[PDB]
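> Quick one: this structure, given as structure tokens, is what I'll be asking you about.
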Amino acid sequence: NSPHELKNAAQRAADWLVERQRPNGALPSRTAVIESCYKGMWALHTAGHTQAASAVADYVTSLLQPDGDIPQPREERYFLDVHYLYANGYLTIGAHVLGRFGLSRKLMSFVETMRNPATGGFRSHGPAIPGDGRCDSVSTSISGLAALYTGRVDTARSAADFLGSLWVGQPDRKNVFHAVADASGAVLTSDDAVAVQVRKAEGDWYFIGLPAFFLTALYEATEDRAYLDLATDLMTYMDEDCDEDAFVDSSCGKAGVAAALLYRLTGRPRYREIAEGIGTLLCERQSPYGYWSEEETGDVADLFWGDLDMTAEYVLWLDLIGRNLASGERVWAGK
Amino acid sequence: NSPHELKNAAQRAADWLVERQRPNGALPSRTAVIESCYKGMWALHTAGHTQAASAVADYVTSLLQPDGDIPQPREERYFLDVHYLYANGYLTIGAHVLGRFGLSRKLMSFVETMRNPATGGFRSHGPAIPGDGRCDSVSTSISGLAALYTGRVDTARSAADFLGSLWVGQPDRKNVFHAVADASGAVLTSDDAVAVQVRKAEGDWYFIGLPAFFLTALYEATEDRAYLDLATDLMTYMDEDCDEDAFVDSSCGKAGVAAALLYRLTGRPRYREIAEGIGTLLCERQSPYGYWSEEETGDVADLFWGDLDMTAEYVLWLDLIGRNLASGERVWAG
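First to last, the protein sequences are chains E and A.
Residue numbering for the first sequence is 4 to 338, as defined by the deposited numbering.
Residue numbering for the second sequence is 4 to 337, as defined by the deposited numbering.
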């Protein structure tokens with residue numbers, strides 16, 4: 004599959020979302036929750052649907068609290084005490100690229116209140132959510148990326164320090180990737196902490212792919228070779244040590260974008276194969292109507308919140324893979 | 004007409020630009036200069052043509068100097084010693100929204116070196132270009148917008164300080180808007196400086212509209228009332244004191260975006276009138292072939308650099324006006 008066809012698949016899903024966008028700007032979710040449209044602003048903006056993206060911004064602004072958070076509506080536990088800031092991250096990036104500087108500043112300011120200044124990580128649970136102050140690789144990676152987009156590179160650099168200490172302190176990485184560390188920085192190995200079975204096809208690969216993507220973007224922002232080495236170390240960790248599911252499961256989109264980005268930066272052919280093989284897989288899973296779903300195949304007017312979030316998510320990654328694959332070809336053709 | 008038609012008109016020109024893009028990412032310009040595609044990254048990104056916008060980013064990157072500037076290829080006088088940073092400003096914004104953080108950081112860093120720390124304005128003439136250290140409203144506004152997009156809010160605020168001092172220091176604003184200040188920060192009334200004939204229909208209105216756009220965006224970022232009042236003061240200054248050409252001239256696009264953004268922020272219907280009239284007028288002037296041009300009317304495969312920049316510019320403003328008019332209705336029409 005070529006970058007042109009990856010983009011065509013993203014444009015079809017974007018057209019599907021815009022055609023069924025609610026009058027208040029919310030995306031057609033069967034449950035009114037923030038976890039169903041938190042990627043909506045960024046995804047629809049890269050697809051050219053700026054009026055639909057601005058509509059999501061109006062819906063998101065109506066949910067904003069004076070402290071800069073959107074604690075409600077939230078139902079999924081993973082957006083409560085696993086990676087609470089996962090929604091806030093995309094909301095910050097989407098608002099900032101749209102020019103909603105007031106929305107992005109307020110969102111990014113609350114995200115900074117959840118940063119652990121000792122470790123550089125971000126708290127896994129939101130305010131008034133019971134927790135122990137643990138920090139995970141997903142909340143930290145998406146917060147560092149939001150800091151990159153909002154121009155707060157010290158926050159992003161601090162986020163990479165948490166990812167570097169988390170990768171170094173893995174107790175046995177060949178079997179389990181522990182993506183959580185406690186408030187003091189010790190890698191959390193308890194049963195209630197998120198752990199990726201790297202030798203099993205059980206998903207949760209975005210706990211490793213998102214760090215690889217953020218660190219690759221931070222390297223491009225800074226050209227600090229430590230961020231590139233850690234990004235390539237995680238890409239090698241997923242390509243050779245991890246299960247084949249790491250590049251097949253629905254959560255493999257972050258690893259595909261990191262591979263496409265790394266291809267444009269380094270020019271290595273293997274990173275092109277990873278991005279091409281992932282973008283091809285996502286194009287085949289797409290329903291004929293445009294959306295993506297685990298079980299739905301009908302000409303529906305709405306989707307389960309997870310299917311809608313995945314639909315907007317694949318608009319982003321397919322666009323991001325395609326523009327980096329195409330740019331990487333022009334840059335490294337004969338050079 | 005409607006926010007949709009404004010968006011459809013922008014998509015037509017964006018498809019036209021992508022249709023004739025050169026393999027190196029450069030836009031179809033008759034002369035290969037940076038002033039023919041500096042708006043390309045931002046305009047094509049907002050139109051969904053991310054692969055073509057990224058191709059422009061590859062072309063711009065190959066022209067990037069170690070200091071973060073693109074001094075060549077340049078030829079037009081206005082991009083040399085009138086507002087040299089006009090190209091650099093759109094390059095920084097377009098690179099940052101695309102995620103080219105290394106390209107945006109290097110461009111924003113050179114722009115900061117062009118800042119006058121004593122006044123907040125940005126030097127009008129680039130390095131090795133003869134000049135007297137003057138700073139204009141266009142260079143200061145677009146550099147402040149780039150600082151806004153790159154998160155350097157202190158630089159953006161310092162740009163608004165220069166614009167406020169330039170507005171207060173006007174010795175005769177009823178007939179002329181001196182858009183240039185000297186190195187010391189005083190309004191420059193020299194005959195060779197940029198001065199808009201305000202009571203006359205003689206263009207150059209973007210020396211006022213772009214400050215109004217930047218200040219409105221800085222108000223949204225900070226909600227500091229001083230940035231709003233100065234933006235409405237410039238909007239009122241353009242609406243009543245200035246000639247009708249302030250909203251009819253080809254350089255009225257920046258004022259149209261400022262009006263649409265002010266309409267979403269304040270809800271006052273006159274701002275929707277100004278933006279809807281400019282957006283409608285821009286669709287009227289669009290050549291049914293897709294591009295914009297002052298004279299050309301054929302099925303050409305390339306454009307004069309001034310028309311190619313106008314084509315990318317109107318893709319940006321029509322999209323910005325359309326999505327700020329549509330969002331303002333949802334917020335205020337209830």
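We put the CB at the ideal spot given by N, CA and C, even for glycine.
Quick one: give me the first and last residue of the beta strand (DSSP E) that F180 (chain A) is part of.
Segment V179 to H181, the beta strand (DSSP E) holding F180 (chain A).
> Mind checking who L66 (chain E) pairs with in its DSSP beta bridge?
Its beta-bridge partners do not exist; DSSP assigns none.
> Please list the segments of the beta strand (DSSP E) lying wholly inside the region 146-228 of chain E, counting only runs of 3 or more residues, in order along the chain.
Counting only runs of 3 or more, we get 179-181 and 198-200.
> Report the residue from A:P6, A:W19, A:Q14 and A:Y81 whose alpha carbon sits nearest the alpha carbon of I37 (chain A).
Of the candidates A:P6, A:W19, A:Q14 and A:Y81, the one whose C-alpha sits nearest the C-alpha of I37 (chain A) is A:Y81.
> For the region 74-92 of chain A, enumerate the residues whose C-beta is nearer than 8 angstroms to any C-beta of chain E, in chain order.
Correct list: empty, as no residue qualifies.
> Assuming contact is defined by CB atoms lying nearer than 8 angstroms, are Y294 (chain A) and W45 (chain A) in contact in what I supplied?
Taking 8 angstroms as the Cβ cut-off, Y294 (chain A) and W45 (chain A) do not qualify as a contacting pair.
> What span of residues does the alpha helix (DSSP H) with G43 (chain E) cover, start to end?
Per DSSP, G43 (chain E) belongs to the alpha helix (DSSP H) from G43 to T49.
> Smallest Cα separation from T158 (chain A): which of A:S112, A:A189, A:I73 and A:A50?
Closest option to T158 (chain A), Cα to Cα, is A:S112.
> Using beta carbons (cut-off 8 angstroms, strictly below), is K257 (chain E) in contact with chain A?
Closer than 8 angstroms: no.
> Does chain A have any CB closer than 8 angstroms to the CB of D70 (chain E)?
Judged by the 8 angstroms Cβ criterion, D70 (chain E) is not in contact with chain A.
> Which partner residues does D139 (chain A) have in the DSSP bridge list?
Per DSSP, A:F125 and A:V183.
> Starting from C286 (chain E), follow the alpha helix (DSSP H) in both directions and report where the run begins and ends.
From DSSP, the alpha helix (DSSP H) with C286 (chain E) extends over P272 to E287.
> Please determine, among E:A186, E:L231 and E:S254, the residue with the shortest C-alpha to C-alpha distance to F210 (chain E).
The candidate whose alpha carbon is nearest that of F210 (chain E) is E:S254.
> Quick check: what's the CA-CA separation for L66 (chain A) versus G256 (chain E)?
When rounded, the distance between both Cα atoms is 32 angstroms.
> Using only the alpha-carbon positions, how far apart do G270 (chain A) and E276 (chain A) sit?
Rounded to the nearest angstrom, the two C-alpha atoms are 11 angstroms apart.
> Would you identify the three-state DSSP class for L30 (chain A), choosing helix, strand or coil?
The answer is coil: DSSP assigns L30 (chain A) none of H, G, I, E or B.
> Pick out whichever of A:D84, A:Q54, A:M238 and A:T153 has its Cα sitting closest to the Cα of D135 (chain A).
Measuring from the Cα of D135 (chain A), the nearest candidate turns out to be A:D84.
> Give the DSSP bridge partners of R118 (chain E), in chain order.
E:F125, per the DSSP bridge assignment.
> Please state the DSSP three-state secondary structure of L101 (chain A).
Coil, per DSSP.
> Where does the unbroken alpha helix (DSSP H) through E79 (chain A) begin, and where does it stop?
From DSSP, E79 (chain A) is part of no alpha helix (DSSP H); its letter is neither H nor E.
> What residues are listed by DSSP as bridge partners for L306 (chain A)?
According to DSSP, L306 (chain A) bridges with A:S32.
> Grab me the residues of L213 (chain E)'s own chain with a C-beta within less than 6 angstroms of its C-beta, minus the 5 sequence neighbours each way, in chain order.
If we look at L213 (chain E) and ignore the five residues flanking it on each side, its Cβ neighbours are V141, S144 and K257.
> Helix, strand or coil, according to DSSP, for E297 (chain E) in the structure here?
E297 (chain E) falls in the coil class under three-state DSSP.
> Might you give, ordered along the chain, the residues of its own chain that have their beta carbon closer than 7 angstroms to the beta carbon of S290 (chain E), omitting 5 neighbours on each side?
Around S290 (chain E): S296 and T300.
> Residues of chain E with CB under 9 angstroms from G97 (chain A), in chain order?
None at all; the shortest Cβ gap to chain E is about 11 angstroms.
> Taking the continuous alpha helix (DSSP H) assigned at residue 346 (chain A), which residues delimit it?
Lying outside 4 to 337, the shown extent of chain A, residue 346 (chain A) is not represented and no answer is given.
> Please list, in chain order, all residues of the same chain as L323 (chain A) whose beta carbon is under 6 angstroms from its beta carbon, the five residues on each side excluded.
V260, listed in sequence order.
> Using CA coordinates, which residue listed in E:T122, E:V21 and E:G102 is at the minimum distance from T219 (chain A)?
Cα-wise, what sits closest to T219 (chain A) is E:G102.
> Which one of E:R160, E:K338, E:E79 and E:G92 has the shortest CA to CA distance from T225 (chain E)?
The option with the nearest alpha carbon to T225 (chain E) is E:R160.
> Is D322 (chain A) close to chain E? Criterion is C-beta to C-beta, closer than 8 angstroms.
It does; some Cβ of chain E falls within 8 angstroms.
> Quick check: the Cα distance between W208 (chain A) and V199 (chain A), rounded to an integer number of angstroms?
Taking the straight line from one Cα to the other gives about 7 angstroms.
> I'd like the span of the alpha helix (DSSP H) that includes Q14 (chain A), first residue to last.
Run containing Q14 (chain A): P6 to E22, per the alpha helix (DSSP H) assignment.
> Where does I324 (chain E) sit, in a helix, a strand or coil, going by DSSP?
Three-state DSSP puts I324 (chain E) in a helix.
> Would you say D61 (chain A) reaches chain E, if we count a Cβ-Cβ gap shorter than 8 angstroms as a contact?
True, the Cβ-Cβ gap to chain E drops below 8 angstroms.
> Take the Cβ of residue 339 (chain E) as the centre, count every other Cβ of all protein chains shown within 10 Å, and call the residue buried at 16 or more, exposed below.
Residue coverage of chain E in this structure runs from 4 to 338, which leaves residue 339 (chain E) outside it and unanswerable.
> From the DSSP output, in three-state form, read off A60 (chain A) for me.
In this structure, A60 (chain A) counts as helix in the three-state DSSP scheme.
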